Each structure stands twice: as C-alpha cells, then as structure tokens.
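Engineer: Encoded as structure tokens, here's the structure I'll be asking about.
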Amino acid sequence: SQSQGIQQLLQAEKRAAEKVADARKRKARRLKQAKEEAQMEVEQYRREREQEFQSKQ
Amino acid sequence: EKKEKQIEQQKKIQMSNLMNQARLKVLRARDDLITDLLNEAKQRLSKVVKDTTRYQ
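As you go down the protein sequences, you meet chains O and K in turn. Numbering (the deposited numbering) for the first sequence: 3 to 59. Numbering (the deposited numbering) for the second sequence: 58 to 113.
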C-alpha cells in the first residue's frame, strides 16, 4: 500500500501548493489595489492644493 | 510651494515695478514743470528784447 500512502500525501501537497499560490495571488492583487487607492488620495490632495493655488492666484 | 513662491514673487516684484514706474512718472512730470518755466522765461526775455530802451 506504499503507493496509496504517497498518493494521499502528494494530493495533500498539491492542495497546499494551490492554497499558498492563491494566497500569493491575493497578495499581488491587494497590493495593486493599495497602490491605486494611494494614487487616488494623491490626486485628491493634488486637486485640493491646485484649487487653493488658483483661488489665491 | 514652488507655485506659491512664483505667485508671491510676482506679487512683490510686480508691485516693485509699479512703484518704480510711478516714481519715474512723477519725476518726469516735475521735469515738465521745470521746462514750462524755462520756456516761459524765453518768451519773457523776448518781450524784453522787443523794448528798444532796455534791449539796447
């Protein structure tokens, strides 16, 4: 039954690999979203300061 | 900040140019007044010249 043992273990290894790859994919996506949101805040700040400048000008 | 420096510099530097030109404007007006006097003096001297008894 040596092959059944390893069959079960390699399938478990497969599942673990899928789980961590998916977690890494989530990380990559979250980090991209994080950059997009940061940039959105940067644009909000830009618009606010640009508006004060033009008002004062 | 750079923009502010630009606008603030213009606000000082534009008023400096305006005040400097205002100074030149009144100075030129003062010189015109001096010229008018001298041109009147020339006409007054001519009137004296027309008087034989003083011009001779």
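All residues carry an ideal CB built from backbone N, CA and C; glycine is no exception.
May I have the straight-line CA-CA distance separating O/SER3 from O/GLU15, to the nearest angstrom?
Structural biologist: Mapped onto the first sequence, residue 3 of chain O falls at position 1. Mapped onto the first sequence, residue 15 of chain O falls at position 13. Cα to Cα, O/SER3 sits roughly 19 Å from O/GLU15.
Engineer: Answer yes or no: does any C-beta atom of chain K fall closer than 8 Å to that of O/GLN59?
Structural biologist: Your numbering for residue 59 of chain O matches position 57 in the first sequence. Cβ-Cβ to chain K under 8 Å: yes for O/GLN59.
Engineer: Taking K/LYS62 as the query, report the chain O residues whose CB atoms sit under 8 Å from its CB, ordered along the chain.
Structural biologist: Against the second sequence, residue 62 of chain K aligns to sequence position 5. Within chain O, no residue has its CB atom less than 8 Å from the CB of K/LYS62, the nearest being about 11 Å off.
Engineer: Given O/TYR47, which residues of its chain have a CB within under 7 Å of its CB, disregarding the five upstream and five downstream residues?
Structural biologist: Sequence index remark: in the first sequence, residue 47 of chain O carries index 45 (1-based). Cβ neighbours of O/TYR47 beyond the five flanking positions: none.
Engineer: Checking 8 Å against the spacing of the C-beta atoms, do K/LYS60 and O/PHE55 come in under that value?
Structural biologist: Position 3 of the second sequence, counting from 1, holds the residue named residue 60 of chain K. Position 53 of the first sequence, counting from 1, holds the residue named residue 55 of chain O. Closer than 8 Å, so yes.
Engineer: Can the beta-carbon of K/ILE64 be found closer than 8 Å to that of O/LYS58?
Structural biologist: The residue given as residue 64 of chain K occupies position 7 in the second sequence. The residue given as residue 58 of chain O occupies position 56 in the first sequence. A contact, by the Cβ cut-off of 8 Å.
Engineer: Look at the alpha carbon of O/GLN6 and the alpha carbon of O/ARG17, and state the distance between them as a whole number of angstroms.
Structural biologist: Within the first sequence, numbered from 1, the residue matching residue 6 of chain O stands at position 4. Within the first sequence, numbered from 1, the residue matching residue 17 of chain O stands at position 15. Cα to Cα, O/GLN6 sits roughly 17 Å from O/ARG17.
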